[PDB]
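Chains as they are written, first to last, in this note's numbering: chain A, 1 to 726; chain B, 727 to 1452. Ideal Cβ positions, reconstructed from N, Cα and C, are used throughout, including at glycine. To start, the structure under review is shown below, and the notes come after it.
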Ligand code: HDD
Ligand code: HEM
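Okay, structure coming up:
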């Protein structure tokens, strides 16, 4: 026995806040959190405690420390089957990563609709508010490999596998409502342009390089999702604080056979929130696993990620009533024109047990639909339907990937398909063909019907010649980028301009910069002029005179496109750093900690070393991390209680902690003599908005701090931060 | 034509300094740089200019922008074979990454020995100083995935494939002279402990987590290579500025059949140099491709990486004469006991054309030896011989991986092996077996001899019973860690203390930190106490009484184990940041650039925006990057010329650039009114060693800067940097 005698090696099987206990496999951390998919995985879950170590053939091993040799300093023998099995399995652990969205973090949960949607769709999982559907959800970046960093600037994937009673439905979406390109035939061109360049394989997890902006400058259909990536949408604070979208128009089909067009949304119940660039980029260094870690720890704390599914619904007769084509995936449907109707709630409430087996091997594919749904002719969706089945043949080793446990349906599946690599199911049917008489034709086809019927495609009329031709209705590139720009707050616009300026600064061929600036001049001249100034480029007279693109169906803004214009802050699950000193005023710390706990806000006690410090009254304070070990990047706010401020006041790390939090627009609260830190951040005696300060942490100090946290960041500080050397 | 009329899309095919031209495929950047292996890849090199776009079957494509559909807003048709081929190939682009050392950067070059080694080895590639052997070299980290960052704390790989006239020899080494474990049977346990933990797949690129330190604490054989890893050897400045080692004792076999034991070394001719931890960790966020980039750009500039191959030779009769076992890969052979004999020079002088084809698919394996070399019974090397062939069957898709162009021998290869997936060679031999009469027994075995003979193993005597047992001679774990600690300078010892402190502070289970501090107390009580203080652990009386391990064969230190104890600086290929203002004093800039060019040191001109600025004499200066875009982390030294200093005197990013460089111990030079920046970094009027200052930048000013850069960093500043908040 090598475990400590006090049992401190094993995390408690109860919800605990981030950092309080080591993290564990979900079934050991939360054994009573159950759903029908999690229970169905029990046939393959493997324990370990009290069992003998064996080969994969069940032979007990006596010595797992040594190879078999001829003498204890002699050569290794070929007859060592125990060594060779163990090193063979090791040698073949890796499988190909996903071509795109290779970097991702996943969790188990459940979905329930708010009311039956039987009037608009016959989909069984939406038919009854008491029908619970298990889900598995994977969030991801796009460009980087599986070992790249989480808080890069990039689009994020948001993929949900619903294990329904009539089939698996995968809703495979991203966190922006459009994509970069119009037709799937260009997807390898676009992805090869954003990915690391082919001669040297640089840069990882970044679009800030010549080939991406060469392609963008030559393909103005990309400019709308480029706008979203350059905004703070491209750097979410967490997977819990971003929107999701299916992007394409799909169809709902009800039992009377009526089709309604639909676009799918997920609303984050934790609100929308993003990092600022300098913080995101620094965080890819200090904690490249920050979003993976944050998701896992929220679930362990009981801060479950929750999202509301909603639908934009357009009747078939209104297909042509907009200035843009509903089938064009570079266009959004403004919520001012078609509101999102709330449909039901998804809660993610359990981590996987093994990341490879459940996350790495999961396969999502937007062609996995169920009766009550159907596709449209969007030409990006149409090509996606080919790709996701094809790519699993190499990634997951063959055509039996639906037998890997995470991908298995929970409902029945039976057919005439046989064999393939890795075949698990042993069919007993005398027949492997239909029609057959030798098994009375079972399993049998099922007519379409209101419930539990066979799939049938909506009989949409097709009329046209066979052409490789883009619809002229798709040939408008600039009005949606402009609607996006005008919908952002002034600070969000500043952040967009800085995103394009930073990215084009890394493009080495200056002509590519110039061509991008020309495209910006076709969107909005204030944007193009501001990015041009940062690049030292002067707009020509012709550029200054480009006429702005039209409004989108009369709109000159839509606030639902902004992260922040409409307040939706939620503090639960956020975290605050508390900078300790060697003799902390304990009454300050009591007040701080209990106010935080009352609103579900976590704290991390930090100091210049690990171990403990003792407060004014003898209270022993356990230290979570050092200043340098858990930097202000990883927290939402900073609080300094009073005490012996001289302990830390000349500590460079403590001072820089506050400078960094201040640059990144985070709320900071200073009690008592911690107000001496006002000189480090240049705060005036009569103080400034976004800095909370009092003689003590009582009265309204914690309410004021918590108000600031619900507004996320102190945007009014932006003009104050440029002077600051941090 | 989409290219600019001025030709500015295409980099000049001549050596250029980093940032002067876009980077390019090696055969286009340096078409006149040749060696026999680079020529031999001409059969598979494919151009592009003036050729038509086709399918893989050679059919010209007319419209590569659209899928085929029934009408221009209609559904995609299954008969679109051009779309499906293009998307199928995309779908199957990825192959499994290497199980370890997945992150690596490679180059072509050549090697030649200084004199014939035929008295000690019959190996053909060491027989003639004028016979050149092409090589391909891959440098790597160990733990992280292929999209992880370069400047992590980790061991580095250094693998060289020599394309000899008598076969491929692969010397597959690392940058420290021992490994973590003794027997290959434990490699999957150690690798699993250092890799991301299996429930959640965190952390990437980092050993600072509970499982790694759990295994270390329970396996004291690991402590010697852990010490190197926690030292600044864990964070090299460049792959050009680290040592390489084959780690194991091998054998050299001469023409008379005599065996000499040998350990292989590479000496960097650019000298030994490493980052400091705060710089290295921030660089993984600001440029996760820093080492891959710096290697490619050194080769494009003509700053070719050069290494000296060296042998430690031990006669067979001296196998047992040290106080450690020569076959134990956790023991090094001190150079004070057995010197490194210089054997030859390797120069890397061309970058690949396609990273996937040449770097990703390259396969190195230490069992690829040639006549005149042989193995020993080192129990770690013996298990490696199984693994590297086995792992390529899945990674590279089958047993014909030697037919992948990068891996092909340049010498003849012929045998009776046939078939396997993606077989390229079409054999015309009537026989596929030997002995045969039908082809007069060709190809034929060849007797061993002095040159061009068949391979025969050295007839080592084997005596012992079939045991799984560790040699008792391997059971000593603390004397080499101690020798290494005592051989470091005082600043290097402080950085090792900081490396263990930072890592163990991230271990959540406190008893594991305690266990590791108890192991440290068995190596050196000063090290153990300094780590313990940072963790708030107090040594017990028993720990304070642990008797220090014995010296290694009487050695108290060996300065060849330190990076810096013996000066070996070389400034050629290093890079300085020059911080511009909008009216640069052109006389300073002239002087600076002339002195840098004389020593082969590059410069990058930086400002607060991109574009150009004009100096006092009218000279237009193009800007490489902004102060934030190319931080002080990416350079060796910072120079600020005079001019209109009020332009940048209050710029936050320029002042921070100097604070960050100062903190990281880099030389800083301030001319004229740029001396106003002394206030930001708190330098007294009288000045300080490591800050160069004068009225103008002249001969003397630059000589002093260049002398500082030859000593790499300003170690004497270390007590001054804790004050500064950066
Ligand atoms: C024609 C090819 C194609 C195109 C046009 C797209 N994808 Fe895709 N996508 C792939 C081909 C692909 C893929 C090669 O099939 C992947 C990689 C590995 C896998 O299983 O599927 C994939 C993976 C992938 C994943 C990760 C699924 C997971 O976590 O495993 C997400 C979230 C998306 N995609 C989302 C999108 C959205 C919202 C798109 C446009 C609206 C889109 N993809 C277009
Ligand atoms: C002994 C110290 C060791 C050193 C210095 C060493 C060095 C290396 C290096 C440098 C590479 C990367 C080669 C490249 O650039 O592609 C590598 C790959 C590998 N190593 Fe070793 N290694 C060591 C021990 C081992 C051991 C003991 C095993 C198994 C017992 C092992 C199994 C592998 C495998 C499976 C790969 C991937 C190779 C491929 O996919 O082509 N390593 N190691």
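If the five residues before and after residue 1180 of chain B are omitted, its C-beta is found closer than 8 Å to the C-beta atoms of 1097, 1171, 1172, 1173 and 1174, all from its own chain and listed in chain order.
Contact of residue 322 of chain A with chain B is not assigned, every C-beta pair being separated by 8 Å or more. For residue 352 of chain A, the neighbours in chain B by C-beta distance under 9 Å run, in chain order, 925 and 926. Close CB contacts of residue 657 of chain A within its chain, under the 6 Å cut and outside five residues either way in sequence, are with 627 and 632 (chain order). Residue pairing by DSSP puts residue 105 of chain A in a beta bridge opposite A:139.
With fewer than 16 neighbouring CB atoms inside 10 Å of its own CB, residue 788 of chain B falls in the exposed class.
From the beta-carbon of residue 655 of chain A, the residues of chain B found nearer than 7 Å are 1451. Nearest in C-alpha terms to residue 281 of chain A, of all of A:154, A:533 and A:433, is A:154. Secondary structure at residue 1004 of chain B: helix, using DSSP grouped into helix, strand and coil. Taking 8 Å as the Cβ-Cβ cut-off, the region 133-155 of chain A approaches chain B at 144, 145, 146, 147, 148 and 149, given in chain order. The distance from the Cβ of residue 1092 of chain B to that of residue 1068 of chain B is about 22 Å, inconsistent with a contact at the 8 Å cut-off.
Counting along the chain, residue 485 of chain A sits inside no beta strand (DSSP E); it lies in the alpha helix (DSSP H) bounded by residues 479-487. DSSP places residue 677 of chain A outside any beta strand (DSSP E), giving it a letter other than H or E. The continuous alpha helix (DSSP H) containing residue 656 of chain A extends over residues 652-663.
Per DSSP, residue 225 of chain A is one residue of the alpha helix (DSSP H) stretching across 223-230. The region 951-964 of chain B and the region 815-830 of chain B do not touch, with fewer than three beta-carbon pairs separated by less than 8 Å.
The ligand HDD never approaches residue 217 of chain A closely enough for any of its heavy atoms to be under 7 Å from the residue's Cβ. A distance of 8 Å or more separates the beta carbons of residue 735 of chain B and residue 513 of chain A.
Burial state of residue 892 of chain B is buried, judged by a 10 Å Cβ sphere holding 16 or more other Cβ atoms. Residue 291 of chain A has its Cβ no nearer than 7 Å to any heavy atom of the ligand HDD.
Residue 1328 of chain B sits in a strand when the DSSP states are folded into three classes. Using a C-beta cut-off of 8 Å, the region 1365-1383 of chain B makes contact with the region 1396-1409 of chain B, since at least three inter-stretch Cβ pairs fall below that distance.
Between residue 895 of chain B and chain A, the shortest Cβ-Cβ separation is not below 8 Å.
With fewer than 16 other Cβ atoms inside 10 Å of its own Cβ, residue 12 of chain A counts as exposed.
The beta carbon of residue 616 of chain A sits closer than 6 Å to those of 583, 585 and 586, all from its chain and outside the five residues before and after it, given in chain order. Listed in chain order, the non-local C-beta contacts of residue 115 of chain A below 8 Å within the same chain comprise 129, local neighbours out to five positions each way being set aside. Shown here for residue 1345 of chain B: same chain residues with a beta carbon closer than 7 Å to its own, the five before and five after excluded, namely 1312 in chain order. At least 8 Å separates the beta-carbon of residue 875 of chain B from that of residue 1232 of chain B. Between the C-alpha atoms of residue 198 of chain A and residue 1080 of chain B there is a straight-line separation of about 6 Å. Taking the Cα positions, residue 152 of chain A is about 10 Å away from residue 204 of chain A. Contact between residue 992 of chain B and residue 969 of chain B holds: CB atoms are separated by about 6 Å, below the 8 Å threshold. Rounded to the nearest angstrom, the gap between the Cα atoms of residue 1194 of chain B and residue 78 of chain A is 13 Å. Here residue 220 of chain A carries a helix assignment [DSSP, helix/strand/coil]. Beta-bridge pairing by DSSP links residue 369 of chain A to no other residue. Closest in alpha carbon position to residue 168 of chain A, among A:687, A:124 and A:145, is A:124. Counting other Cβ atoms within 10 Å of its Cβ, residue 952 of chain B reaches 16 or more and is therefore classed as buried.
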